[PDB]
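Notes follow once the structure below has been shown.
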Amino acid sequence: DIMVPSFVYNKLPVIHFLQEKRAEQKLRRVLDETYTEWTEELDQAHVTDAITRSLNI
Amino acid sequence: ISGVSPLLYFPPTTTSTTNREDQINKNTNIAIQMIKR
């Protein structure tokens with residue numbers, strides 16, 4: 001009725017602070033894993049060159 | 001260009017009928033093949 005309740009009350013602020021940091025840590029890691037991915041596609045000039053060769057030019 | 005040439009150079013047009021659609025279909029097949037490779 002008295003003792004355990006008081007010590008639970010004492011624990012609340014630190015646990016709240018640590019869990020807020022843990023949540024921020026998760027969000028930070030989520031952002032850090034994001035990285036714009038640029039793709040490379042076959043240049044059309046080689047297509048235009050193969051087109052020309054096929055013509056027997 | 002010294003020397004009388006034997007022939008006059010007319011345009012090389014001999015394929016009088018070459019539909020643009022066929023040419024742009026061959027270009028497209030070649031394009032697809034190269035992209036797939």
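How things are named: the first chain in the structure tokens is A, the next is B, and so on; residues count from 1 in each chain; ligands count from 1 in the order shown.
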
Note to self: Using only C-alpha atoms and a cut-off of 9 Å, which residues of chain B sit close to chain A? Please list them as a PyMOL selection string.
What the structure shows: chain B and resi 26-27+30-31+34-35

Can I get the selection written as a compact mmCIF listing (two decimals), in the first residue's frame, with N, CA and C atoms?
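Produced file again.txt, reproduced below:
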```txt
# COMPACT_ATOMS: atom_id res chain seq x y z
N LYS B 26 11.04 -2.61 -87.09
CA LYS B 26 12.35 -3.25 -86.94
C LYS B 26 13.20 -2.53 -85.91
N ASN B 27 13.18 -1.19 -85.93
CA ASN B 27 13.94 -0.44 -84.93
C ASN B 27 13.47 -0.82 -83.54
N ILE B 30 14.66 -4.45 -82.58
CA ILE B 30 16.07 -4.43 -82.22
C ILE B 30 16.25 -3.75 -80.87
N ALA B 31 15.49 -2.68 -80.64
CA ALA B 31 15.59 -1.93 -79.39
C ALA B 31 15.21 -2.81 -78.21
N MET B 34 17.95 -5.56 -77.55
CA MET B 34 19.13 -5.04 -76.88
C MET B 34 18.84 -4.72 -75.42
N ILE B 35 17.68 -4.14 -75.14
CA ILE B 35 17.32 -3.82 -73.76
C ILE B 35 17.20 -5.09 -72.93
```

Next item on the list: May I have all residues of chain A that DSSP, computed from the backbone, assigns to helix (DSSP H, G or I), given as a count of residues only?
Entry: 41

Next item on the list: Please measure the separation of atom CA of residue A:53 and atom CA of residue B:24, giving the value in Å to one decimal.
Entry: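 Computing the Euclidean distance for atom CA of residue A:53 and atom CA of residue B:24 yields 15.0 Å.
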
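The two atoms in question, atom CA of residue A:34 and atom CA of residue A:17, are spaced 26.8 Å apart.
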
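Here atom CA of residue A:32 is placed at a distance of 28.5 Å from atom CA of residue A:13.
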